[PDB]
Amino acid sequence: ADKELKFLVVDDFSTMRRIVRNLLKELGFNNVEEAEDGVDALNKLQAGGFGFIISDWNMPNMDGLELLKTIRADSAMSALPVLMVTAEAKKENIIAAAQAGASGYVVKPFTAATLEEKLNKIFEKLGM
């Protein structure tokens, strides 16, 4: 993946977004923007240029699953990688993530090493 790939980090908790942003920076990914929920995320995605989405599961107004489906059902955004992050892994949510087209699914908290591993799995799958 290009070091300048533009990420959108979506989470309703500002501190979690900051942490993810810092982990990305530690990996060399400096081009990162934030969104506080699915609606806000879609609004910023309309600006174009994004190449990777990392989204939390539980958020008001539009949660992560809802955001993921919206992205996958949109002609211009349908191919964007989306890594789901969740406070708790439940079989039902994992199966839901797969059905909706999640590129990845990771339980927080996670280290930079784990983030790198999950990103690389996605890059490899998609030929990025």
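Quick note: we count residues from 1 along the sequence shown, nothing fancier. Rigid core here is just the name for the largest C-alpha set that superposes within 1.5 Å across the two forms.
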Of 42-50 and 87-95, the one with the larger RMS C-alpha deviation from the shown form in 9 other deposited structures of this protein, core-superposed, is 87-95
Take the C-alpha B-factors listed in the entry for 86-94 and for 51-59, compute each mean, and give the stretch with the larger one. 86-94
Of the two stretches 99-107 and 37-45, which shows the higher Cα B-factor on average in the entry? 37-45
If you rank the chain by CA B-factor, which third does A76 end up in: lowest, middle or highest? highest
